[PDB]
């Protein structure tokens, strides 16, 4: 659990975490590496309050309609979960999702997916922005 003063400049504080809404243009894998380069991780969303905070930020701009987050398919797990290996707690899939494409997750804004999770097949070559998280956990 971070305090506000743990957050680097240009990072937003919410609920014991610091967040970077980065507008660089990376594939999902590139975004995972980027967040690691900042001693962070792609965001993991453990509760509805955190999901709401993220939606508040994403709905506050209109240039972007998807952001990479820290979940993908893992064949040994044989499921979708967070990249730390933790299973989902809060379930944030948009209506009709997932497609089960063994892909990578974003927050998406399109039709009935109103800044909710989607799975995308291409984890390398679909370039977009991402959300990094520092949570000062163990």
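Positions refer to the first chain, counted from 1.
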(Q) Going by the mean C-alpha B-factor recorded in the entry, which is higher: 72-80 or 23-31? (A) 72-80
Q.
Tell me which stretch, 81-89 or 59-67, has the higher mean Cα B-factor listed in the entry.
A. 81-89
Q. At the C-alpha atoms, which of 39, 52, 106, 46 reaches the highest B-factor in this entry?
A. 39
Q) Which of these has the highest Cα B-factor in the record: 123, 18, 114, 130? A) 123
